[PDB]
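Chain and residue survey
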Amino acid sequence: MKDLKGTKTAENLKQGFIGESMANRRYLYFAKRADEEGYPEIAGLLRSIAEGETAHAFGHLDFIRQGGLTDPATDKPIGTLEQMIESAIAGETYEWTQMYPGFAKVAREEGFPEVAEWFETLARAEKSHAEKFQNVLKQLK
Amino acid sequence: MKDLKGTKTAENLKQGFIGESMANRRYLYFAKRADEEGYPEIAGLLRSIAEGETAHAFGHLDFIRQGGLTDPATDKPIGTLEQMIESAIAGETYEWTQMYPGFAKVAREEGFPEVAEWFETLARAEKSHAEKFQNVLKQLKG
Ligand SMILES: [Cl-]
Ligand SMILES: [Cl-]
Ligand SMILES: [Fe+3]
Ligand SMILES: [Fe+3]
Ligand SMILES: [Fe+3]
Ligand SMILES: [Fe+3]
Ligand SMILES: [O-]
Ligand SMILES: [O-]
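Residues numbered from 1 in each chain as written, not as in the entry; some residues may be left out. Chains lettered and ligands numbered in written order. Heavy atoms only, no water.

Method information in the entry identifies X-ray crystallography as the source of the structure, with 1.3600 Å recorded as the resolution.

1. Points about the interface of chain A and chain B
On the side of chain B, 76 residues touch chain A, which itself brings 75 residues to the contact. Between chain A and chain B, the buried area comes to about 6600 Å², and carbon and sulfur atoms account for 72% of it. In this assembly, chain A and chain B are joined by two salt bridges. When the shortest N-O distance is used, the salt bridge between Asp71(B) and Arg26(A) registers 2.9 Å. Our count for the contact surface shared by chain A and chain B stands at 28 residue pairs in polar contact. Counting only elements with at least two residues in the side of chain A that touches chain B, the list comes to α1 (8-37), α2 (40-66), α3 (81-109) and α4 (113-140) of chain A. Class assignment for the residues of the side of chain A that touches chain B results in 41 nonpolar, 16 polar and 18 charged. (Contact = heavy atoms within 4.5 Å. Buried area = accessible area lost by both parts, 1.4 Å probe. Salt bridge = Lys/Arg side-chain N within 4 Å of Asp/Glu carboxyl O. Polar contact = N/O pair within 3.5 Å; in protein donor to acceptor, adjacent residues only side chain to side chain. Helix = DSSP H or I, 4+ residues; strand = E, 2+ residues; numbered from the N terminus. Nonpolar A, V, L, I, M, F, W, Y, C, P; charged D, E, K, R; others polar.)

2. Points about the nonpolar core
Counting 90 residues, the largest nonpolar core has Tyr27(A), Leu46(A), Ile85(A), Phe119(A), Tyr27(B), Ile85(B) and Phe119(B) as its most contacted members. Elements with a minimum of two residues in this core: α1, α2, α3 and α4 of chain A together with α1 (8-37), α2 (40-66), α3 (81-109) and α4 (113-140) of chain B. In this structure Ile85(A) touches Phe133(A), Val136(A), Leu137(A), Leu140(A), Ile42(B) and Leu46(B), once residues within four positions along its chain are discounted. (Core = buried A, V, L, I, M, F, W, Y, C linked by side-chain atoms within 4.5 Å. Buried < 20%, exposed > 50% of the residue type's maximum accessible area, 1.4 Å probe, protein only.)

3. Comments concerning the coordination of the iron ion (ligand 4)
Looking at the iron ion (ligand 4), the protein donor atoms are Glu92(A) (OE), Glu95(A) (OE), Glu126(A) (OE) and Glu53(B) (OE), and they sit 2.2 to 2.6 Å from it. Separating the iron ion (ligand 4) from the iron ion (ligand 5) is a gap of 3.4 Å, which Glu126(A) spans by donating to each of them. With a gap of 34 residues between them, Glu92(A) in helix α3 and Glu126(A) in helix α4 connect regions that are remote in the sequence. On the basis of relative accessible area, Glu92(A) is assigned to the buried category, the value being 0%. (Donors = N, O, S within 2.8 Å, 3.2 Å for Na, K, Ca; no water.)

4. Focus: the side chain of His129(B)
Assignment of secondary structure puts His129(B) in helix α4. When its relative accessible area of 10% is taken as the criterion, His129(B) is described as buried. With near-sequence residues (within four places) excluded, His129(B) lies in contact with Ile49(A), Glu53(A), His56(A) and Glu92(B).

5. Thoughts on the coordination of the iron ion (ligand 6)
Octahedral metals with six donors have ideal donor angles of 90 or 180 degrees. Tetrahedral metals with four donors have an ideal donor angle of 109.5 degrees. The iron ion (ligand 6) binds to the protein through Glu53(A) (OE), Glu92(B) (OE), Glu92(B) (OE) and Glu126(B) (OE), with metal-donor distances spanning 2.3 to 2.6 Å. Separation of the iron ion (ligand 6) from the iron ion (ligand 3) amounts to 3.4 Å, with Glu53(A) serving as a shared donor to the pair. You can see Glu53(A) sitting in helix α2 and its partner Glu92(B) sitting in helix α3, one on each of two chains. There is no split in this pair, since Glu53(A) and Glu92(B) are both buried.

6. Let's talk about the packing of α3(A) against α1(B)
Axis separation between α3(A) and α1(B) bottoms out at 11 Å; the angle between their running directions is 160°. Judged by the angle between their axes, α3(A) and α1(B) are roughly antiparallel. In this structure, α3(A) meets α1(B) at a crossing whose hand is left-handed. Residue composition of the contact of α3(A) with α1(B), grouped by class: 11 nonpolar, five polar and six charged. (Axes fitted to C-alpha atoms, helices over the stretch in contact; angles between N-to-C directions. Parallel < 35°, antiparallel > 145°, perpendicular 65-115°, else oblique. Left-handed = near helix turned anticlockwise from the far one by under 90°.)

This is the structure in structure tokens:
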């Protein structure tokens, strides 16, 4: 499609993607509370609305990719499958090398060791994810 | 740990939630490409890792709620089910009354009519979602 680089629309697609991604997660989490409390029609509606937000997020990504823009999460191209895997590696690498260890250090300093332990678990998990994606890329290449 | 308000850890839980939410969406989108091209093991790995990112996002929300913090998307409390639905209503109302119409106008003015039409479709969709959540709240209240 038409080149979107440098436009306000490019930034709006990114912000739309972020919001739709959060909406799907939020509504599935809310649905679990409706499930527990015995509101199956509410829970089912939440889950169906969440599928709408999936469609919205994926459509934002379609326009991002067709317009020559980069991944909202990593600023890396996601045109081809190899590029997609390279974006996954980059994001996971940021999370285990910088983001979650830093979150863990701050949580410990602020006196929240249980939250710190969670952030440390997540740091190890993202390193595992990064390693698994690196193996995929080697195999594609 | 039950009062995290005003701490850096509170902001980090919010940012972690945002990143994990995007990761799940991204990896499921990437899996469709692996599917089409005939890489079922890659697609399966993407889907399985995406379930990990769901667990991470939900765990961040657990700590947010237990610490008395608000919904990352709307800054509203999400302790009870009614509060959760009220947060959904507020977010959807922002999206249909302000966010997507504004995005659509910018897209039209910049010469991207297909993107504008998509944003207009989404504005109407979020208005419908808001009405459905309003119905849910009516049902919870009797
Ligand atoms: Cl129900
Ligand atoms: Cl495969
Ligand atoms: Fe949406
Ligand atoms: Fe990750
Ligand atoms: Fe994660
Ligand atoms: Fe929405
Ligand atoms: O949305
Ligand atoms: O992640």
